[PDB]
Amino acid sequence: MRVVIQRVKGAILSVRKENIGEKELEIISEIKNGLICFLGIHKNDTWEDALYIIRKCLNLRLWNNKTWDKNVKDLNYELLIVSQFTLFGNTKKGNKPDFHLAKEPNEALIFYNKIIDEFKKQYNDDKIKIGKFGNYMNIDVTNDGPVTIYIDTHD
Amino acid sequence: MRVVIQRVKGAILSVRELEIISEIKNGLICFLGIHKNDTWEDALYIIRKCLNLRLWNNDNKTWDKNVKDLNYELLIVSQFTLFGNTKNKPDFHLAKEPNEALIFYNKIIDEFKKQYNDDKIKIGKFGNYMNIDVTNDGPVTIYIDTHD
């Protein structure tokens, strides 16, 4: 699994609606302070992989007080989790990507939902927010720092 | 070197109540992490990629047109946190010394404009606390580490 974590003052998630027909976007999800986590599910991902993310994600002490002191949970903040397979975007070949290691949607989707459930269990039902899986989204992020964290659980 | 690339409809970079210093419409935002043992070949690879990766569709032809093809902007922001050791409080052992990093960074930015266009590259205020309003278009998130 791969995650890019962005510390934010807020985030506003929209998706393109299905039968649109003469607005095309729709805000389905919003958070104030907290993290936005772009989550890449690898084909060979185990649930132990998920656990690790869900942990570092809810636990890294990414805010000051002393520096790098409190985590998202401590401050009672939100997380927005967005599935992003482009992480597994291989770009060593041509100057055009290639997403072969990216766990195929229908399996990925379930794994994903399972992760999101765990998040709420470990934290709070009201603090975890998501996008619309596999749909084109439009995200307004207000980066606070910035603070960008990358994790690859195949290390 | 490490880069996180985000495809965007726009972004506004500001510093300290808030001063706008840098803004782009469609294009990429590149969070750049300069490694201590970074060579200029590392810089080059990044620059080649941010500038040539085809991250936009030709309605249906997905991954067809790169940033230049569409005459779009890039916003480059130094971000050392990419080299955070998270194996549960961060550890930036591997970053390149600031005073050195800054020069390397400016050198990279120059290259960007050379390879592309003076008017298409935008940046932040190095080492300062910034506030960035990104509008992610997808999203499309790309990660690269030249140490591969």
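Based on every Cα atom in the protein assembly as shown, Rg and the maximum pairwise Cα distance Dmax equal 18.3, 55 Å. Sorting the Cα pairs of chain A by distance into bins of 5 Å, from 0 upward, gives 2, 9, 18, 21, 20, 15, 9, 4, 1, 0, 0 percent per bin. Considering only beta bridges that DSSP places wholly inside chain B, some 75 percent are antiparallel. Taking θ as phi - 60° and the Karplus parameters 6.51, -1.76 and 1.60, the scalar couplings of the range A:119-135 work out to 3, 5, 4, 4, 10, 9, 3, 8, 9, 9, 10, 9, x, 9, 3, x, 8 Hz in sequence order, x denoting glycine and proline. Residues whose amide H lies under 5 Å from that of residue B:130, counting only those 5 or more places away or on a different chain, are A:145; hydrogens are built 1.01 Å from N in the peptide plane. Secondary-structure-derived ellipticity at 222 nm for the protein assembly as shown, considering helices only, amounts to -6500 deg cm²/dmol, per-run term -39500 (n - 2.57) for DSSP H runs with n ≥ 4. Rounded to two decimals, the Cα-based Rg/Rh of the range A:1-78, with Kirkwood Rh, is 1.10.
Each residue of the range B:9-16 is assigned a 3J(HN,Hα), and the resulting list reads 7, x, 7, 10, 9, 9, 9, 8 Hz, derived from the Karplus form 6.51 cos²θ - 1.76 cosθ + 1.60 (θ = phi - 60°), x at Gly and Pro. Distance from the C-alpha centroid of the range A:41-73 to that of the range B:14-42: 24 Å, rounded to the whole angstrom. For residue B:79, nonlocal amide neighbours, meaning residues 5 or more places apart or on other chains whose placed amide H falls under 5 Å from its own, are B:32, B:33, B:34. Rounded to the nearest 20, the size of the Cβ-charge dipole of the protein assembly as shown about its Cα centre is 180 debye, with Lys and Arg at +1 and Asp and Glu at -1. Peptides B:54-64, A:139-149 ordered by packing proxy, namely the average of other Cβ atoms within 10 Å per residue, highest first: A:139-149, B:54-64.
All Cβ positions, even for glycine, are placed from backbone atoms using ideal geometry, and neighbour counts span all protein chains on display. Values quoted throughout were computed directly from the atomic coordinates according to the rules given, and no laboratory measurement underlies them.
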